[PDB]
Amino acid sequence: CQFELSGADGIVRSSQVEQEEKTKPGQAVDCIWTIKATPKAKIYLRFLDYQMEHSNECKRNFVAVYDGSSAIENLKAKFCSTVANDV
Amino acid sequence: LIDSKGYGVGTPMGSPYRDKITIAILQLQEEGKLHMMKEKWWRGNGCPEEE
Amino acid sequence: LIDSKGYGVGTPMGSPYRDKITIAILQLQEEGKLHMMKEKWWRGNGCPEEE
Amino acid sequence: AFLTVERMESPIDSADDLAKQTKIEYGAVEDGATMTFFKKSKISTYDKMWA
Amino acid sequence: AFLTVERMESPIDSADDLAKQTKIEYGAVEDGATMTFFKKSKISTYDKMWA
Amino acid sequence: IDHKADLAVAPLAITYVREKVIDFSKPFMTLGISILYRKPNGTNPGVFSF
Amino acid sequence: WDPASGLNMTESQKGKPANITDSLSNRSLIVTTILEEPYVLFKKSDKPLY
């Protein structure tokens, strides 16, 4: 369920899966998002709410941010601890 | 209260009486009877001279 | 105050830790570190300028 | 003097004052540990409280 | 009341008097060897500053 | 009881019913139930503030 | 001793090993706490804690 989300600003909706690709919660789920700014512009990411409660260990649930295209080349940050820095 | 420290009922290093005396003290505290004795002896002489 | 309870340290029935741990609790209590330990967490900001 | 250095004081200042007042409408946690004490407490200074 | 409550205001003139005050938020350029002085300090007033 | 653990250092009230089937060390701080209320405003009644 | 393997000397494991434990009473004590508010709360940090 890779989805586009580009422009000047926007809110990656909290658990936006019920309408894009309504998946059963029993199976493991994951959906990626692609962001593009205006021409000649970088991006600042600031979390407004984030709580991966079910563990403080990350083999199951987490959120990650990669720089550039959606490849493994250089992980900007995968964040699992209670708080989440801006990037 | 600047500092805290309690009182007790001393018994030798080995005594099968300590467990039951502890049970009894916790009992009395749950019924609050020792508070009644305290008020009988501290408050009992406590306020006969309300100024 | 109205009543009094006591927060304690559990231990399995008949385990020898009781008599080896109560002494440590008393050592900390009468050695003065316990009050600073309590204050370091209960303190908070304190009393602001309502004066 | 009053408008310069003003010190306001509490209406109620004791546990007993909560009883025989019938205007503050106090409360407690539902059937936690406070209710357990107020139940069966036979000092009767808190039986009005529980009533 | 206005005049004699204003006249006895005390503008801050020292670190400790600042520490007692609360409204004015503190700060420093982080990890520029300045805040670290508060980090590793032992003095009580600087400790509450760092807190 | 089932020995799957050991000394459980956590706020655990030393009450009568537990004491039969556990063992508690000596308390490391005391307790009690008390009132909680809002301290008063200087908002005078204004009926007769004189 | 050999050119290849080296010191195959028999004391590397002594006939009666000194370091033997016949007691399992105190190993990896399993304490137990709870998430009370100002008692035991998750530390506030950004990188994972282990």
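Worth a mention:
- Beyond 29 Å in Cα-Cα separation lie the following of the pairs E:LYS42/G:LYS47; E:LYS20/F:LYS26; B:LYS5/B:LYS33; A:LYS42/E:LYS39; B:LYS38/D:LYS20; C:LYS20/C:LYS40: E:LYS20/F:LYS26; A:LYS42/E:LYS39.
- Comment: the Cα-to-Cβ extended label point of C:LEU26, at 7 Å, lies 1.9 nm from its counterparts in the other copies, nearest first.
- With bins 5 Å wide beginning at 0, the percent of Cα pairs of region D:1-42 falling in each bin runs 5, 16, 16, 19, 16, 8, 8, 4, 5, 3, 0.
- Shielding value for A:68-74 is 0, the average number of Cβ atoms from other chains within 10 Å of each residue's Cβ.
- Among the residues of G:26-36, the average count of other protein chain beta-carbon atoms within 10 Å of the residue beta-carbon is 4.
- 222 nm mean residue ellipticity, helices alone, for chain F (DSSP H n ≥ 4; -39,500 (n - 2.57); rounded to 500): -2500 deg cm²/dmol
- Extension gain for A:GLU20-A:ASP67 works out to 14.5 nm (0.36 nm per residue, less the C-alpha to C-alpha distance).
- Cross-link reach is defined here as a Cα-Cα straight distance under 12 Å, omitting same-chain residues fewer than 8 places apart; for E:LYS23 the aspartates and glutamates meeting it are C:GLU49, C:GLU50.
- Residues G:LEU29 and B:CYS47, FRET efficiency given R0 of 56 Å [Cβ-Cβ distance, rounded to 0.05]: 0.60
- Label-to-label distance, nm, for residues given as G:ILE20 and B:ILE25 (7 Å Cα→Cβ offset): 4.6 nm
- Ascending distances from the D:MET35 label point to its copies in the other chains, with the point 7 Å along the Cα-to-beta-carbon line: 4.8 nm.
- Computed label-point distance, nm, for sites B:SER15 and C:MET36 using a 7 Å Cα→Cβ extension: 3.6 nm
- Label zone at D:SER10 (point 7 Å along Cα-to-Cβ), backbone N below 11 Å, region F:20-50: F:34-40
- Across the identical copies, the 7 Å label point of B:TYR7, projected outward along Cα→Cβ, sits 2.6 nm from its counterparts, in ascending order.
- Shown here is the pair-distance distribution of region A:2-87: with all Cα-Cα distances grouped in 10 Å bins from zero up to the longest one, the shares run 13, 45, 36, 5, 0 percent.
- By the Cβ distance rule (another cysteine Cβ under 4.7 Å), the unpaired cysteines of the protein assembly as shown are B:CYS47, C:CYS47.
- Given charges at beta-carbon only (K, R positive; D, E negative), |dipole| of chain G in Debye: 40 debye
- Each of A:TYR44, F:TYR37, E:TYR46 was scored by other Cβ atoms within 10 Å of its Cβ. Listed from fewest to most, they are A:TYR44, F:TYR37, E:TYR46.
- Principal semi-axes of the equivalent ellipsoid, √(5λ) from the alpha carbon gyration tensor of the protein assembly as shown, are 49, 43, 27 Å from largest down.
- When each of C:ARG18, D:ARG7 is scored by the number of other beta-carbon atoms lying within 10 Å, the sequence from fewest to most is D:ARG7, C:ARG18.
- Cβ charges +1 (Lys, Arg) and -1 (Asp, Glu), total dipole of chain E, debye: 220 debye
- Two-site FRET efficiency, A:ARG60 against D:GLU25, from Cβ-Cβ distance with R₀ of 45 Å, rounded to 0.05: 0.40
- Against chain C, whose longest principal axis is taken from its Cα atoms, helix C:33-42 shows a tilt of about 50°.
- With contributions of -39500 (n - 2.57) from each DSSP H run of at least four residues, the per-residue ellipticity at 222 nm computed over chain D stands at -4000 deg cm²/dmol.
Readers should treat all values here as calculations from the given coordinates under stated rules, not as data from a laboratory. Note that each Cβ is placed from the backbone with ideal geometry, even for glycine, and that neighbours are counted across all protein chains shown.
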